[PDB]
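The next block holds one structure in the form of structure tokens; read it before the comments.
Computed from the coordinates by the stated procedures, all read-outs in this text should not be read as laboratory data. Here Cβ is always computed from backbone atoms with ideal geometry, including for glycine, and neighbour counts include all displayed protein chains.
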Number of protein chains: 2
Amino acid sequence: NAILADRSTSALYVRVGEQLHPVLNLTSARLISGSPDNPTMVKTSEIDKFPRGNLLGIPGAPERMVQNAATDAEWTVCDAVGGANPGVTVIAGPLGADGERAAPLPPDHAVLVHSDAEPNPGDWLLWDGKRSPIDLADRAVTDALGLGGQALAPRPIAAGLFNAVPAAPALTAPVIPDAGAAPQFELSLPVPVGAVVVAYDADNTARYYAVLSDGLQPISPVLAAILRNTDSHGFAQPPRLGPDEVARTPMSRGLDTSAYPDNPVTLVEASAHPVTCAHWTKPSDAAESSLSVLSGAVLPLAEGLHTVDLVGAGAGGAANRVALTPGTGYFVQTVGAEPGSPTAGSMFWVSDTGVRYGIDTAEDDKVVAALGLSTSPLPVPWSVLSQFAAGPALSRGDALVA
Amino acid sequence: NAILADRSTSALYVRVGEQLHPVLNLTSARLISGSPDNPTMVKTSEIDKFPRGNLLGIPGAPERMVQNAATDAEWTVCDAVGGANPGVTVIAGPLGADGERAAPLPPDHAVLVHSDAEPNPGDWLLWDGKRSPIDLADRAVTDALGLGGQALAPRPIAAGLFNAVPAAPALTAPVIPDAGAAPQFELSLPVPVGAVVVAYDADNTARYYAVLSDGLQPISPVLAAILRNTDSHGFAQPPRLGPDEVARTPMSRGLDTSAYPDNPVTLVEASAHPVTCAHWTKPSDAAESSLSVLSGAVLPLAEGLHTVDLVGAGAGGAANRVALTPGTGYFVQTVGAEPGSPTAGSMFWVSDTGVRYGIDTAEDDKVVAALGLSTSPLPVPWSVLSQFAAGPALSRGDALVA
């Protein structure tokens, strides 16, 4: 005997014990039986011969446990502004998870952003890789970082996009213990420590280093402008030095890491390129995940998915359009950077609508087995997962309803 | 030649033209066929013999179209500050549509409230009938309306219940053209217009009536205290007349409305009684819908309905819980007091999850026919429907999806 549905009305029932029992939907039915089976169509002219109990079933949802065989974790969380430079823009926060049409970041491009309105603190800069806070009050520092002359108009952000990208340390010059003083490797006369040196190292021209107490620092031009804005040390220009002296001087870096760039930055325009996008990716056979930024004016979602840009509801999370094929189930690391309340390597199932469900440790392999999902679901971070809806729990216990 | 689900995978197809088409859910399949039918179970070893198109189907939802044959229009939209009486609570707005457990309103019981918690304009009061705005800074007026001695610690309120009940006219003393002056019917000497008179109409003692330029008004003692604190006209007390005089002087019944009450008011305490409720009922064979106010501390919905209750959040309408059996579809008045956008007697289908699904007129009887729903669904007001929200639209036209 399998689990049953009526020849006419498809009413959901199974006998357990010695008695029939109605339930709500077939996913809960498979959950009850602990088997991935289908309710076969037999008329109630059987059913009436058998004694029947009372109404059961975990309410709400879902209906089909399909899944796509793509084991590579593509994740596109995204934000689309529109109508650039009034105060507030028209909005999508879109979301897809597959290969997609191209609108990536060119390495010169990076973009300023206002934080999602204060007291969520700060004003931020979307980098090559990361986000890092910048007080844009000092114009000389950030145009010395390479902005265009007053091309500044920040954009509001979705909080999910803002939590999607990991954050970098802030944008000032680092505080240096007794800069301007003498280092402990002691070059020729005019140099103070914490300053910049220049040296002819191209056959045409020069490249740029800095001074700590130990030795030299291979730095960008941008860091040099940063420190000369920080302290000129009473000195106009750095002096050029010999490469034989460069080999002859202590080559040792006290590591003041450059998250600061190498280049002047192309500024993105929200009229010219509204949609800014975070491409989280952990492929199969990867030990640690990667992240890129995408940016364009075309919606970079995959072709054919624009017909099925499906909207959710319920701001406080997602007010959001999404687009996929029929739904899936993914291996959530609720062990992560504060994923709501739950903390485990767990599994969360997700609909084509995009409502979340999931699995405990007390929820065994019988759960996913009756759902018939793959033994290996997909790794997924939390900040993309916070843009979904939250349904009821899943267990064989919670289906026992009145 | 019907709806077809696979004997193993239950994949959904109906052949049209000459070819097959994969679709999403069986409700959309019935929508395609235009007939309420069932997915027949045949193997793919037939399917392969027939050429196949691309994927179609309305995304999202629903499963099936049941309906409960109670044609009585019972509706409960409720407010429950669970975690009784702090400023911030767990917000249930309960939505049953049936009979329920006892939560009355005794006629002395009527409940003060702030607006949708301040800065929303004004303070309000829930009456026997309706809600009415009142500024409560005039303490003498409202305790002259009959408050207890400083029992005022009013309530916050969700906007859903505040838009559930219609508003009554305002709550001050009415502006009277030349009150205190001379009438046109001219009683014995001391009387100003806008004054009150008593008579021993209870065979013990008095009963209270106000005056216009034409004659008399049957007023409450509450209204008498209202006009008394409005203007005493330098007079301490009403005079006494007799029924001989009540008829003999012209009982020329002018009218200024007594929406104001008849009695002192039992002020309800939200710690004693948190849940306050609106019983919108249009019975079968009704010309106009009745409305009551309900009140208590017990969650007043039907017995057994709380184990199958469904929780609620997600502002943009309901942040509010719901409770029913499997779902229904109603003859909703979008002919009402600003029903959002639609203006028709329009059918909205609604799940046990509580997602609305509107039906147009160009969406003809074929739609409800293929859904198999009854030709007489239930008249529903807008303000309870606003405590649902929309998934996709429903037609065979928009079911042509990629």
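Annotations for the structure displayed:
- Teacher prompt: B:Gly397 distances to equivalent labels in other copies, 7 Å Cα→Cβ, nm: 5.0
- Calculated FRET value between A:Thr281 and B:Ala167, using beta carbons and R₀ = 51 Å, to 0.05: 0.40
- Average partner coverage of B:32-39, which counts Cβ from other chains inside 10 Å: 1
- Each residue of the protein assembly as shown gets 268 Å³ once the volume of the Cα convex hull is shared out per residue.
- Across the identical copies, the 7 Å label point of A:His306, projected outward along Cα→Cβ, sits 5.2 nm from its counterparts, in ascending order.
- Calculated SAXS-style log₁₀ I(q)/I(0) at q = 0.21, 0.30 Å⁻¹ - the stretch A:116-165, Debye, Cα scatterers: -0.85, -1.33
- Taking only Cα atoms of the stretch B:3-47, radius of gyration then Dmax in Å: 9.7, 26
- Per residue Cα convex hull volume in Å³ - calculated over the stretch A:285-336: 178
- Considering only the protein assembly as shown, percent of DSSP beta bridges that pair antiparallel, nearest 5: 80
- Rounded to whole Å, sorted largest first: equivalent-ellipsoid semi-axes of the stretch A:73-120, Cα gyration tensor: 23, 15, 13
- Taking the helices alone, the protein assembly as shown has a mean residue ellipticity at 222 nm of -3000 deg cm²/dmol, built from -39,500 (n - 2.57) per DSSP H run of at least 4 residues and averaged over all its residues.
- Scaled against 2.2 N^0.38 Å for its residue count N, the alpha carbon radius of gyration of the stretch B:32-133 is 1.98.
- Nm distances between copies for A:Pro264, ranked from closest, using label points 7 Å along Cα→Cβ: 8.3
- Kirkwood-Stokes translational diffusion coefficient of the stretch A:214-334, alpha-carbon pairs, 37 °C, 0.692 mPa s, µm²/s: 161
- Hull volume per residue, based on the alpha-carbon atoms of chain B and their convex hull, is 186 Å³.
- When the Gaussian network model of chain B links Cα atoms closer than 10 Å, the mean-square fluctuations of B:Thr343, B:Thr27, B:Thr281 top out at B:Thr343.
- Closest approach of a chain B Cβ to the axis relating B and A (residue, whole Å): B:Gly314, 2.
- Rounded to 10°, Cα long-axis angle of helix A:221-230 versus longest principal axis of chain A: 70
- Average beta carbon contacts from partner chains per residue of B:57-67, 10 Å cutoff: 4
- Among B:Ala158, B:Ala168, B:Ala337, residue whose mean-square fluctuation peaks in a GNM of chain B (springs only between Cα atoms under 10 Å): B:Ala337
- Relative contact order of the stretch A:46-108, pairs being alpha-carbon contacts under 8 Å that are 6 or more residues apart, as %: 25
- For the stretch B:282-402, average projected area of the Cα convex hull in nm²: 9.7
- Amide H contacts under 5 Å for A:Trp349, placed H, 5+ residues apart: A:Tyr330, A:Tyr357, A:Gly358
- A straight Cα-to-Cα reach below 18 Å connects A:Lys366 with the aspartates and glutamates A:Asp37, A:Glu63, A:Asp398, residues fewer than 8 places away in its own chain not being considered.
- Relative contact order of the stretch A:4-47, defined on C-alpha pairs under 8 angstrom at six or more residues apart (%): 46
- Signed unit charges on C-beta, dipole axis of the protein assembly as shown, positive-most listed residue B:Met347, A:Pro36, A:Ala318: A:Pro36
- Rounded to the nearest whole angstrom, the semi-axes of the ellipsoid equivalent to the stretch B:195-265, taken from the Cα gyration tensor as √(5λ), stand at 18, 15, 13, largest first.
- Length-normalised contact order for chain A - Cα pairs under 8 Å, 6+ apart - percent: 21
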